[PDB]
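Q: This is the structure, below, for whatever I ask next.
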Amino acid sequence: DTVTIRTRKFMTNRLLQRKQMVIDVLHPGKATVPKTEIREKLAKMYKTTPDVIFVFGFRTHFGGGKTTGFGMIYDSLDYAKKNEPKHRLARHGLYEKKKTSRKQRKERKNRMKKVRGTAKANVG
Amino acid sequence: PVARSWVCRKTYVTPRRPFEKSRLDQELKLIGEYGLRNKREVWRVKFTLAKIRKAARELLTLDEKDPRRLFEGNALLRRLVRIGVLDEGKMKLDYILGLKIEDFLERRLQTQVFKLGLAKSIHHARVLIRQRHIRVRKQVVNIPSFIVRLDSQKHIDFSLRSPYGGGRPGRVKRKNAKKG
Amino acid sequence: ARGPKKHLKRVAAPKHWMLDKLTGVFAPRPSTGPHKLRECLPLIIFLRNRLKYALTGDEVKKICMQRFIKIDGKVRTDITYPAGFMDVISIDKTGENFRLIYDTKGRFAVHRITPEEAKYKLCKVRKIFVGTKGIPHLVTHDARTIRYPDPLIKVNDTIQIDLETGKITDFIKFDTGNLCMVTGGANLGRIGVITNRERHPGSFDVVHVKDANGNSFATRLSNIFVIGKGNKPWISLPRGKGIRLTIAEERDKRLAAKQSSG
RNA sequence: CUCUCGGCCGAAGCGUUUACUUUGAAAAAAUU
RNA sequence: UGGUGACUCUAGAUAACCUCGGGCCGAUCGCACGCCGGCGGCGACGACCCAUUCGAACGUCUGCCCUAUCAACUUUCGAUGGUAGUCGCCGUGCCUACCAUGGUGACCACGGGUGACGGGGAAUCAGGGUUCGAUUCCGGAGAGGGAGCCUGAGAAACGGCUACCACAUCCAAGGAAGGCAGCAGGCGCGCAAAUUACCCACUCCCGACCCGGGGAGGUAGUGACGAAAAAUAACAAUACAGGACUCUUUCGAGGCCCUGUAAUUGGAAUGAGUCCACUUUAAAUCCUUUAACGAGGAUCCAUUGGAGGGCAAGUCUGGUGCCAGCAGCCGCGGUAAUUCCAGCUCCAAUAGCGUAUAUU
RNA sequence: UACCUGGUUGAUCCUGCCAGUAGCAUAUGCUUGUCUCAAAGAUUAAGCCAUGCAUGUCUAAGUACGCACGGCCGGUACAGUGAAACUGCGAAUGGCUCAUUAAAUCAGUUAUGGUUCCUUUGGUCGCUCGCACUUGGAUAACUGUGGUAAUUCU
């Protein structure tokens, strides 16, 4: 009830088919608001569903008033899958990262470098 | 190669004579009047004043109708007026030289809490400043060196989250009230 | 160095790109192209800094490779393509065309133009040769080699050319009383009428140009771009008319702007 | 300071040559 | 024809030449497919050449530190010039042949040294100057030492090759393999300097490339190099001690006087911490924001140097007694030690402060 | 902030240095609660290096006959994704160190009318009077036999 969402500089990317904005959050008593909660706040604010919009980079101001983040609003879900950085998709479970370490993937690469032919596939 | 900057300045200059009685006298007097932690604060304010005076000395030597003298001096006079040191009547670059250290020490948020009646002692002003009880417009400032501007001087408040302000008494009242 | 350098450090980057100091070590190295690495604007800097459409380099990748950006009516997918002076950028999806023109202070302004204006551009002719069975050729400042020009076209003139057809349409001759713009040196971006051209055989032709407010200045010859036949320019201009406001009167304008809106 | 070619002026020589001063345009960003 | 300030320029004409280790004049792929048996739109790769961009390469004028216990240097083995050539991407003693005997120097040539990579620049500084610059930007040079190459537009390349030198690894003793002045790590050297971490999300680069790779780079870890802010307590009442003011001859007594000191009393306010939740982020950490617990000084306790003069702050107390020692310098100690060593008190700076060296 | 102080003598006034004073940089001692930046094997040895990593690369668009796959519909030349290999491009950028090097490097200035140039961008791409409705031979990938103690050997 005590939280309020205001939108500073707002812009419709037709060529990225989204709407980007800077988000100011007012919450004089509570903690820093979750990204989920502000997602439904923007969903009711811009009359779209919460499943397509994305917010990030919220730095709460000294003391505990304003919070400023960046939020972008996609047109449809497929465009969001097409254009968003994949780490901001993996926060919503839309994308899964490969679970190998760099040092393992590189030792393996040099190992299969040492081999020639279809036996490059056997090494692991 | 890194994406960093190493530019940084030292904001004080230690005096050349280490133990002379009149210097220690004056510094201790200012420590007493304006409630400061150590001599480095007095040295810091004296160094900033020396910066302003050195700029004014470089600007007086130029001709009166020099465009650089005009622009730099008028900007400097505007800056010192907005701090709350000079006066609108004496907005001339000659009067900048007639400035004293306490004219800058009177503008600290510690002393502005002290004079305006928000507190009752200057050490009390410092201890309220550190503990998030004094705000400026809508921001709780915790620094007792904030140089308060003239337009910003008018409204300094209780920082509504404070027990002296809106509500929510602190841990001591909460603990003593639940004794029985 | 054993071969052509391929990286550019951020602090060595042309100052007019107004790049930051703290985002990274490197700057976009403008690819080789129709404009010098210093007198140009990589497409990434125009797209993610001037216009704020993209926020990273990867979003410029995602934009340019969808095929929305066109430089001079041709779809250019290179993210660090060297876009330069008098340059028309068209985005069909937003339906907006900008021109790159130098700013008053020497930078590139984003100058939004009419789609009618986007069909043509101006090229300062740089050399004129006659090759291969008596066929004359122009080289302009965009390296546009044009065969069969008007015979009246001489060096240091300007030709207004059509972007779609690639052919010249009409030329402005380099003559005193022609409105020119400066493309280099301290006088960069200042626009005024040419008064005198002085000759120095051997060295560089210094030219004295009177501004719109009567503040005369001078340049080398190579830094001059002619636009206006007489006093009327052949293109649209930025919000400032190209006159360099000095510092004090700029502060006067700033304070008047603060007094106007409060 | 001037005699020729062109539209009261523009081209050409200047004037023994320099030092000196003043102006102009060129002079990387960072640092200052 | 056209042009520069100036061509032996560009263009034009003619006679010819055009290398078998050769010069160009598409035997290529994709996308939609369509019109009077034939014609076709868009894109990708390619290409002799021209112009362009990114440069590279040579030249020009001016500008280097110390040294005369460096005054003559150069030229047989090119030193300075001339003509013809060779090689070279080109201009040239760049090399060769034939001539000429030149070229530099007290305006310091030549030789040496340098604890010399140059510059942008750093510290100091009234003015002048002095010192530094290995070091993140620019230019240069080298990958243990020299040398020679391949491929390519670009390399005399070293995370390419071939040799010799110096080290050095695996052997079945026939042979094979090297190159951390890349990132982390070790030895060694030292007065002297961090993790064998995580990721390409940012910045940009490379490729056939809206996709892949990146110890470039980012991010955390060690980090009192240095820099900015900034806690370790605030108020009130008492209880003493002084100082002035008034009344009192004085002693003394008062104040809606002042100033100190109180392991004195009262309450409130807080952060360091432990911990949730959120945010941050590539995933984290940190900072910022919330709940919970969290403070009476006899601790959630501040140090490092000093108290003879220079030079601030003790002729205070005890110990040792020209001993031990202190002391940059001047000096002290030989018994009342103002200087040693402790305690107490005090001074200086203060989360910092001593010493050594270099330089101002 | 254009500054000085002690020390020769019985005492003075000097020359004069020594010492103090402030900085800034390396080392080191002692101490260290918060928080934001942030240098960091340069000096001595351009000394030596165990181990891991640091340079790779595919679009509708050069070559797919790896059932390697789900998979067409079946005489459908080649449906698709595609390991490997050939081909093309990169590996000459970056990083690192300061040993060399004293008109050298480098800096401002000029020049190439004395040259080379991948790429990018614009031009040129039936100017040439002399089997093409498609040319030839190999070689990897794969199958199969091996050598050597051993290698990114073959």
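Count begins at 1; order follows the chain as displayed.
Every residue gets a Cβ built from N, Cα and C, even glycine.
Taken from Swiss-Prot, the feature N6-acetyllysine covers B:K65, B:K115, B:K154. The annotation SUMO2 cross-link is assigned in Swiss-Prot to B:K92, B:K138 on the grounds of a large-scale study or a structure entry. The phosphoserine annotation in Swiss-Prot covers B:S152, B:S162, and the record cites a large-scale study or a structure entry as its basis.
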Q: Can you tell which of the modified residues (B:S152, B:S162) has the fewest other C-beta atoms within 10 angstroms of its C-beta?
A: B:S152
Q: Taking Cβ distances under 8 Å as the criterion, give the subset of the recorded positions B:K115, B:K138, B:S152 near chain A, ordered by sequence.
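A: Among the recorded positions B:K115, B:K138, B:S152, the ones whose Cβ sits under 8 Å from a Cβ of chain A are B:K138.
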Q: Please list residues from the chain of B:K65 (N6-acetyllysine) whose Cβ is under 8 angstroms from its Cβ, counting only those at least six apart in sequence.
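A: Within the chain, B:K65 (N6-acetyllysine) has no Cβ neighbours under 8 Å at 6 or more residues' separation.
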Q: So how many other Cβ atoms are close to B:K115 (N6-acetyllysine), meaning within 10 Å of its Cβ?
A: 12
Q: Validating a neighbour-count step here. Other CB atoms within 10 A of the CB of B:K138 (SUMO2 cross-link): how many?
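A: Taking every protein chain into account, the count is 14.
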Q: Between the Cα atoms of B:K138 (SUMO2 cross-link) and B:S152 (phosphoserine), find the distance and write it as a whole number of Å.
A: 11
Q: What's the CA to CA span in angstrom from B:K115 (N6-acetyllysine) over to B:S162 (phosphoserine)?
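A: That comes out at 20 Å between the alpha carbons.
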Q: Using C-alpha atoms only, work out the spacing between B:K92 (SUMO2 cross-link) and B:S152 (phosphoserine) and round it to an integer in Å.
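A: Between the Cα atoms of B:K92 (SUMO2 cross-link) and B:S152 (phosphoserine), the distance comes to 23 Å.
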Q: Give me the CA-CA distance between B:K154 (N6-acetyllysine) and B:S162 (phosphoserine), in Å, as a whole number.
A: 20
